[PDB]
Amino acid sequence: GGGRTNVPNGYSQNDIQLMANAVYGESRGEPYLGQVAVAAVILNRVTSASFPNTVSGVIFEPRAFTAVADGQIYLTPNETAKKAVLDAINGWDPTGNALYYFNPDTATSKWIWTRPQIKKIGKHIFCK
């Protein structure tokens, strides 16, 4: 008792495969660091009080991950996306505890644009 019981007790094989497919939908063709970056943001959302506390809850939150609306969820995961998920699970967060990201070329959200930018990796600026 008294442990970290508000977050998942590790991640299942389903959780990993789901997250890999989410990562791929966000970061195909990006530098590897940017793939780890999206995986880290997923985990940061899971562990944040501001978002759902299950992998499913985070991935399926409306508009959160393009792979859901695009219909690229129930399929065999990309190898390097999955490796990025495992790297993030093992504690690599290149984003400085980011919860959000955007593409500066396209983003229209005042709120997102007004958060301190942590950093840019590839096409994504990361924020919290």
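Numbering starts at 1 and follows the sequence shown.
Higher mean CA B-factor, judged across 77-85 and 59-67 from the recorded values: 77-85. Relative to its counterpart among 49-57 and 99-107, 99-107 has the higher mean temperature factor, C-alpha atoms as listed in the PDB entry. Among all modelled residues in this chain, the alpha-carbon of residue 125 has a temperature factor (C-alpha) in the middle third. When the modelled residues of the chain are ordered by C-alpha B-factor, residue 19 sits in the lowest third.
The deposited CA B-factor of residue 44 belongs to the lowest third of values across its chain.
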